[PDB]
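Below, the structure written as structure tokens:
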């Protein structure tokens with residue numbers, strides 16, 4: 001049933017903090033001015049785009065380094081600022097004309113539980129709370145910021161071509 | 001025991017270095033210009049505010065990044081500078097008309113010991129020195145900056161509602 | 001958090017193989038752990054029903072002797091049998107495992123436990139991973155965490 | 001910090017299960035006795051250092067305790085911890101700061117919170133471990149008591 | 002890892018430090039029952055089992074259906091004739107070891123596995139490192155990984 | 001044979017991210033403006049040069065802090081934004099054979115060069131496909147002082 | 001005789017990289033512009049100052065953030081940019097009118113070995129190479145960025161009285 | 001310089017209890038690690054003299072049968089160390105010690121190849137150039153022997 005969920009995947013939505021990051025927030029005088037990412041996740045992102053999967057971002061936080069990083073990777077569909085994830089998710093569905101089953105989500109915190117409950121490919125990072133790991137169909141062995149996304153890309157590569 | 005200690009709680013005091021941070025100090029040419037926090041602690045902070053638990057900070061180190069983070073999280077009760085912890089503790093008590101039993105302290109270093117010996121809910125981070133740990137009613141599973149504050153918020157949430 | 005799930009807990013299922021046992025057969034002078042016997046007593050005194058879904062049809068005698076209720080030897087269909095017999099929800103059930111065939115039942119229950127040296131696949135489905143390896147007294151550790159929480 | 005606690009130490013209370021053993025029982029179709039040789043050396047080492055030795059365990063153990071009594075351990079309590089602690093404390097007229105405790109049980113936690121030198125075994129549940137000032141490298145039954153004896157001696 | 006496991010048709014292993022912790026109880035033999043269950047799963051899966059060792066566990070192993078048993082050498087020359095024998099490529103074979111003598115053979119095979127407490131030299135040449143220490147059921151672990159990553 | 005491979009070595013090529021770094025990318029509004037290195041690797045760089053090994057860099061990523069660090073250590077052959087193409091240009095410039103060159107990698111896009119090269123090195127964290135082509139794998143994960151460890155190895159075998 | 005060595009201690013010298021820092025180096029366009037310390041080490045220094053022990057630093061590397069931190073800490077003798085440690089060790093020893101037995105040294109590097117062989121209180125950090133740990137009289141539990149100097153300060157305070 | 005330390009090594013000294021055993025005594034049977042036996046054979050084949058310092064009867068017989076004759080019992085290890093050093097005419101750098109105990113530390117400080125076992129007290133792990141992955145009597149001696157052999161060339 002995992003392979004089926006994966007073979008049908010058309011759009012992968014990502015959380016940022018705790019997923020592409022280790023959860024640390026780098027602050028100077030004017031807010032979150034630095035964000036630390038992982039190099040392997042960047043190769044994973046490009047691998048996912050090469051295979052025809054649209055990548056979306058829903059992050060409760062906004063950041064100039066994040067936007068810069070996302071734009072550099074050619075990411076698309078960016079929602080920052082709002083923790084209203086389910087309402088944003090439904091905007092993504094509507095504009096891409098997609099079903100729940102052809103969408104994925106990689107989450108970390110309680111905020112993402114209700115999106116992952118509808119989504120066909122719900123993914124929890126290793127360091128995610130018990131509450132999102134129970135709702136996940138795949139749990140990464142790598143923590144957020146350690147190449148967790150590269151891992152999901154490689155699972156997707158195998159199962160799509162299997 | 002523990003359930004009742006936490007039901008009496010209306011205010012939580014916290015240190016920064018070693019509690020909201022891992023204890024590292026990021027120096028630029030002009031001093032401590034960068035300060036690194038944990039995204040889990042920001043969620044736990046707002047959860048405690050929502051539950052009716054006022055947050056206070058007593059810390060000898062002040063930082064522009066610290067000020068920006070705390071303001072963003074709505075932590076308005078902030079005492080920085082070279083103060084004896086007990087002096088500030090009594091300013092807070094007087095201001096909010098609170099007893100020892102209505103207050104919590106999450107500490108780290110020996111400078112916190114006498115206040116922790118007075119409060120209804122004294123908490124220590126896992127990395128806190130044993131002198132602080134012995135005076136604590138609850139010791140966190142997580143080190144400072146790993147998400148110890150969310151742990152204390154979750155524990156308080158469970159204990160109050162049961 | 002652990003405390004929410006331990007609070008609903010009424011029924012705990014286990015594996016034996018790699019959980020109550022390290023797997024070692026001594027030859033037959035083979036024998037087992039006393040901490041787990043004291044953990045079993047503690048769970049039965051706490052009003053928690055004990056069950057076992059083992060892959061190997063073996066030492067059910069030690070379990071019978073310690074007072075273990077449900078015994079299945081030689085899986086989702088079996089788990090569903092226990093759920094209806096005791097009229098419980100998923101949230102009220104726990105499962106201590108170390109096997110990949112345990113994973114799907116572990117995803118369902120409210121208190122899934124993995125032993126320390128279980129495969130990562132099993133460990134990431136668990137709410138609690140034990141500090142003991144299984145055979146080393148994992149069941150005592152679980153019962154004592156339940157009592158504490 | 002650790003050297004300050006060790007300095008005041010005059011009595012070390014210990015558990016049996018999970019500290020002196022790994023919990024395993026061995027049966028010949032009879033019982034194979036298991037005692038760690040390093041723990042006996044640890045016991046003699048602690049005695050030579052003037053540290054009184056005591057045992058508080060819920061479970062009685064006939065094969066150990068026989069060994070411990072042979073090795074010279076006399077303060078033995080089997081079968084309500086923190087009632088028994090107060091008895092040994094008063095009997096030897098000591099302060100909390102002067103007692104150490106080696107535990108592998110949640111029933112030890114309240115006693116370990118009081119004592120000057122609380123010790124937890126490596127694979128003990130985190131609840132126990134976070135209350136101890138020292139956590140051993142060795143498991144129960146692999147020579148944990150000897151490691152505690154080694155440490156006290158090094159810190160003096 | 003999911004790729005390597007699909008091609009797998011033969012799995013070679015050490016005995017000592019892998020199926021055992023190396024302990025000798027003195033006329034007492036210790037064998038891990040979990041490893042017996044792992045052997046049968048591998049056999050159900052169509053994977054041929056072999057050992058290259060450099064001894065009392067042999068009679069139980071043969072009884073459990075283990076074919077190629079080589080004992081007392083110290085491993086590339088023996089690996090090479092296992093390969094010739096079954097007409098297999100490197101990518102179709104796996105190896106479970108804990109000794110530096112296994113390294114050269116592990117470098118060739120498609121699925122090299124090291125046990126938890128193996129020398130770092132052995133572990134760095136492994137595609138997978140077991141959570142079990144050996145004598146704890148590390149062969150059950152490898153069997154169940156292959157199954158999981160397959161189906 | 002490793003002693004023999006080491007004895008031929010005259011030029012070592014390096015990847016950066018996952019080799020001299022732990023994979024982390026530090027970003028501000030204007031991109032990767034902060035880059036974190038290890039003091040041990042700096043010692044390793046110098047130690048390798050004192051043994052007469054030319055050092056070269058072929059990285060896919062470009063960064064100001066990277067070139068600052070690389071120039072500071074006296075690394076001359078720097079190639080950013082890029085691998086087999088660049089590999090031949092270096093081989094040609096220094097009139098070397100495949101057997102006289104080394105490569106320390108982490109990523110899959112290093113394999114191609116690592117199969118040609120005489121001293122292919124994988125860092126501990128390196129992907130399995132990379133680790134399998136390597137004749138030496140470091141204990142250090144990269145950012146942990148992997149280059150110092152490569153220097154010690156070469157020093158001993160020479 | 002660890003008590004004996006510490007009782008003679010009047011001055012304590014220390015490396016930076018791998019002792020006050022985890023050996024990591026934060027680079028920007030203009031070199032090492034960020035440096036990470038540990039807060040526990042701050043309390044360690046104030047404790048040694050209270051004790052009346054003079055603090056020296058000898059570091060191979062130099063950075064703007066390094067100086068700023070050491071100046072804020074009130075560190076008396078700051079040598080930076082030099083790898084000739086015996087030479088400046090002899091400068092510090094002369095300046096303070098002291099014997100080898102009155103000086104301590106916490107090292108990480110092989111360059112420290114020769115100065116540590118002279119000093120009365122030679123200290124290695126946990127992560128230090130065997131060549132250095134071998135010469136030391138105390139090896140710390142904590143690594144470089146983890147409060148290794150706090151550990152040494154508390155140790156000194158315990159052995160002193 | 002770990003490969004430097006191994007290269008000079010001519011004599012390896014060890015404890016028995018905690019290094020060749022977990023310390024457990026089975027009472028009414035003896036426990037030896039067979040990998041340590043092979044480890045012993047490899048060390049011998051590489052011209053490394055094996056010595057033991059202990060403070063015991065069951066395992067000594069086995070060691071004697073495998074080729075270990077430099078055996079010390081009933082010990084305070086510095087003075088017997090100087091003896092082995094004198095007897096074999098070696099410097100500190102040519103000797104190795106695999107330790108488990110705080111008593112070993114002074115000797116380990118001096119020797120060229122100090123080894124600690126995985127579960128040794130940290131004080132003993134502090135003074136080792138190598139910490140083994142095996143605990144106890146898991147095959148720790150063999151692990152040291154493999155390492156010396158690998159690090160040769």
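Chains as they are written, first to last, in the entry's author numbering: chain B, 1 to 162; chain C, 1 to 162; chain G, 1 to 27, 33 to 63, 66 to 81, 85 to 159; chain H, 1 to 29, 32 to 81, 84 to 160; chain F, 2 to 27, 33 to 60, 64 to 83, 85 to 161; chain A, 1 to 82, 85 to 160; chain D, 1 to 161; chain E, 1 to 28, 34 to 60, 63 to 82, 84 to 161.
Ideal Cβ positions, reconstructed from N, Cα and C, are used throughout, including at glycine.
Report task. Tell me whether residue 119(B) sits in a helix, a strand or coil according to DSSP, three-state version. Result -> In the structure shown, residue 119(B) sits in coil (DSSP, three-state: anything other than H, G, I, E or B).
| Secondary structure of residue 75(G), DSSP reduced to three states | coil
Practice item. Count the other CB atoms, across all protein chains shown, that sit within 10 Å of the CB of residue 129(H); report buried if there are 16 or more and exposed otherwise. Key: buried
Simplified DSSP assignment, three categories, for residue 11(A)
strand
Note to self: Just verifying my parser: in three-state terms, what is the DSSP assignment at residue 68(F)?
What the structure shows: In the three-state reduction of the DSSP assignment, residue 68(F) falls in the helix class, which pools H, G and I.
**Asked** Alpha carbon to alpha carbon, how far is residue 126(C) from residue 106(C)?
**Response** When rounded, the separation of the alpha-carbon atoms in residue 126(C) and residue 106(C) is 11 Å.
Contact between the stretch 5-24 of chain E and the stretch 136-147 of chain H is defined here as three or more beta-carbon pairs at a separation below 8 Å; is this criterion met? yes
Which stretch, first to last residue, makes up the beta strand (DSSP E) that contains residue 153(H)? Counting along the chain, residue 153(H) falls outside any beta strand (DSSP E), though it belongs to the alpha helix (DSSP H) covering 148-158.
| Is the distance from the Cβ of residue 53(B) to the Cβ of residue 12(B) below 7 Å? | yes
Residue 141(B) touches chain G at which residues, Cβ-Cβ below 8 Å? 130, 134
Proximal residues to residue 56(D) (C-beta, below 6 Å), its chain only, five neighbours per side dropped | 13, 77, 92
Q: Answer yes or no: does any C-beta atom of chain D fall closer than 7 Å to that of residue 90(C)?
A: no
How would you call residue 35(B), buried or exposed, if buried means at least 16 neighbouring beta carbons within 10 angstroms?
buried
Notebook entry, point to check: Where does residue 90(E) sit, in a helix, a strand or coil, going by DSSP?
Noted result: helix
Exercise for the section: Inspect the beta-carbon positions of residue 123(E) and residue 103(E) and report whether they are closer than 7 Å. Expected result: Cβ distance not < 7 Å, so residue 123(E) and residue 103(E) don't count as in contact.
Checklist entry - Along chain A, in chain order, which residues have C-beta atoms closer than 9 Å to that of residue 18(D)? => result 39, 40
- Task: Give every residue of the same chain whose Cβ lies closer than 6 Å to the Cβ of residue 83(F), excluding the five residues on either side of it in the sequence, and list them in chain order.
- Result: 60, 111
To which residues of the same chain is residue 153(E) closer than 6 Å at the C-beta, ignoring the five residues directly before and after it? 44, 47, 48
Can you name, in chain order, every residue of its own chain whose Cβ lies under 6 Å from the Cβ of residue 40(E), other than the five neighbours on each side? 147, 150
Practice item. Report the neighbours of residue 3(F) on chain B: residues whose CB is nearer than 7 Å to its CB, in chain order. Key: 158
How would you list, in chain order, the residues of chain B whose beta-carbon sits under 9 Å from the beta-carbon of residue 137(G)? 130, 133, 134
Inset, instruction - Keeping to the same chain, check which residues put their C-beta closer than 8 Å to that of residue 132(E); ignore five residues upstream and five downstream. - result: Same-chain partners within the cutoff: 107, 108, 109, 110, 112, 113, 116, 124.
Give me whichever residues DSSP pairs with residue 24(E) in a beta bridge. 38(H)
Mark residue 81(B) as exposed unless 16 or more other C-beta atoms lie within 10 angstroms of its C-beta, in which case mark it buried.
The residue is exposed, with fewer than 16 neighbouring Cβ atoms inside 10 Å.
Just checking my contact of residue 85(B) with residue 58(B) at CB under 8 Å: how many whole Å lie between their CB atoms?
At roughly 5 Å, the Cβ-Cβ gap stays under 8 Å, so residue 85(B) and residue 58(B) are in contact.
Cβ closer than 7 Å: which chain F residues qualify as neighbours of residue 126(A)? 134
Checklist line | Same chain, Cβ closer than 6 Å to residue 69(A), neighbours up to 5 away in sequence not counted | finding: 37
| query | In its own chain, which residues sit with a C-beta less than 7 Å from the C-beta of residue 135(D), not counting the 5 before and 5 after it? | reply | 113, 116, 117, 122
Report the three-state DSSP secondary structure of residue 53(F) (helix, strand or coil).
Of the three classes helix, strand and coil, the one that applies to residue 53(F) here is coil, per DSSP.
**Request:** Could you have a look at residue 44(E) and say whether DSSP puts it in helix, strand or coil?
**Result:** helix
- Message: Using only CA atoms, which one of 73(B), 62(B), 101(B), 51(B) lies nearest to residue 8(B)?
- Response: 101(B)
Practice problem: Tell me whether residue 4(C) sits in a helix, a strand or coil according to DSSP, three-state version. | Solution: helix
field: Proximal residues of chain D, C-beta to C-beta of residue 8(E) below 9 Å
entry: Near residue 8(E) there are no residues of chain D at all, since even the closest Cβ is about 13 Å away, more than 9 Å.
Next on the checklist: Rounded to the nearest angstrom, what separates residue 29(D) and residue 29(C) at their Cα positions?
Outcome noted: 14 Å
Checking 7 Å against the spacing of the C-beta atoms, do residue 96(E) and residue 88(E) come in under that value? no
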